[PDB]
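We've got the same protein chain twice here, in two forms, each standing alone as structure tokens: structure 1 and structure 2.
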Structure 1
């Protein structure tokens, strides 16, 4: 009962804490500057416990004179994965990010982002008088809100933690859903680009002030940055390097490929028509209303289609092991078209061809080879589970 009073109070306090933490980037029009503002907080994990908050204040303004889109209030939701290159000796950061715009119910610059776009990033920094430089390269694919970059400190040892520079180191690569296209400032300013300025306040420590020019140089999207950091504590979490660094990337890549089977027109979203096409190809013929009911359950932004992050969340929504086992039993039954307990090379071929894969008979045979443990030329349920687990 005293225990119950503590728990109930504890839960209420913890609820406020969960409601209170949003790391989303909140964007508003700044009509006087013909651009936008944003504000957001980043929570950096401290090694062996604690969070280091970083309060961001952002403004963006067009470089060029052409008209730009000024948005209604909305936000960007980002998921970042930081990693290392095992064959890299230089101080470095490998980065994978997916960003999508949301927060709103229901340009010529956008044509520049229909496919994969090469990116170069250059940063010249000075933190408490420690000068440093970073260069990065990779690619953006705004269809999926996706960025893939590697960064190198070109001046030796980076004097601050890599995660503190992530937000500084191309919001033009955000995926803005179809109903929000008129609110995408960042692409509207292209190719001439925009200036992005921030102040980033590290609580109980110093701050960064940043100015960047984001624009096309040829077919490359370039982010050239100046950063000045002042007032940092020599044994704070930043100059003292006390911050933590970091689905796998392999896993996400598999899910993207799987997503691509549904997203027939490659626009980064699955429609009821696309889902129906795939289901019909495997012999199931739900009605339009049934297909919408299915999409609705996983359609977190309520725009009526499934984007890749929503697909990801569905496929990452962890299950009871016993549900996981039954889902694999069900998938086996889909592959085993005649129900005899064995997936044949003909059956495998049929499922892959219908989902939209193109494979030779020889490639289908190699798939059976990897799975076929007892050498009968087919894949039974035990062998299927081993392939899938």
Structure 2
């Protein structure tokens, strides 16, 4: 059962959020991050994102310290809709900094959203159209997307990140780091390249601005070098918790929180890893905690620990990640794990 504990450490060693830095050369920001698409019959497809945003207007913008965005997405179907479509529910929150603009005032209530995409992937063209609402106070998006060209030639999940980060909920201690809203109403250019592992890549250019009362995302997408047999063109990707597991998670939370005060410190996280033959520094342990530390108080409470495990249970890991999760039990590293190599890890 305490396999839960090993992947917790794997997750805390991973980088799963949307990382933002100021553009140190000009107004704007850069971002990079990783998406895991679950392959239908098991496996994972990874997509590496590299992102640049630049104001359209001349006025000043907020250039943030490094921090990140954290995401929850639910994709569904509308049972009374016959066109190729996607209903999306999304929560996005900023974090990563422990312990303001004009355009920010445009986001205090529910804002209507229009989304317009023209795409071309390996010569298969398509258009997508989206409408819905954004609630920045809760980092909440609700949208319906329609493929207006008939059938979509790529899986819907691969488009999500392309199809309005000015709707992120920035916590009160981080308001001065919201580049996205400060760029409004005139808005910003958002550019990405997206690299599907062992496959093609998408390139995207988007204009994000207010047109009247409406926040508009207008996008061009060109995709090349895809395999007609790969997970994208071949439509191999999945479309989208028991309180039994919540019991299994609080029990795995106790293994770290040895003094049971409801929170995990760098002190306690260090103990567990050292009993698994690792030796992380104080700076590493703070960085590990900071990746899943929603409130920025430097400790992982149980809400914060749940979110990370719900997300980790949602996503299949790659082989390079299961490899390392495997070589924690196999001490001699021979391919076959002995029931003695288990007990060592177990006791610890």
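Shifts are known only where both forms have a C-alpha. Note that the rigid core is defined as the largest set of C-alphas that superpose within 1.5 Å between two forms. Numbering follows the first chain given and starts at 1.
- Among the candidates 156, 266, 129, 218, the CA atom that moves 2 angstroms or more between structures 1 and 2 after core superposition belongs to 266 alone.
- Core-superposed comparison between structures 1 and 2: the CA of residue 285 exceeds or equals a 2 Å shift.
- Once both forms are fitted on their rigid core, the CA atom of residue 256 lies 2 Å or more apart between structures 1 and 2.
- Comparing the forms between structures 1 and 2 on their rigid core, the Cα displacement of residue 98 stays under 2 Å.
- Once the rigid core is matched between structures 1 and 2, the CA atom of residue 308 is found 14.8 Å away.
- CA movement of residue 32 between structures 1 and 2 equals 1.4 Å, with the two forms superposed on the rigid core.
- When the rigid core is fitted, residue 22 shows a C-alpha shift of 3.2 Å between structures 1 and 2.
- Look at the core-aligned forms between structures 1 and 2 and you find runs of 3 or more residues with C-alpha shifts of 2 angstroms or more at 8 to 23, 247 to 300, 302 to 354.
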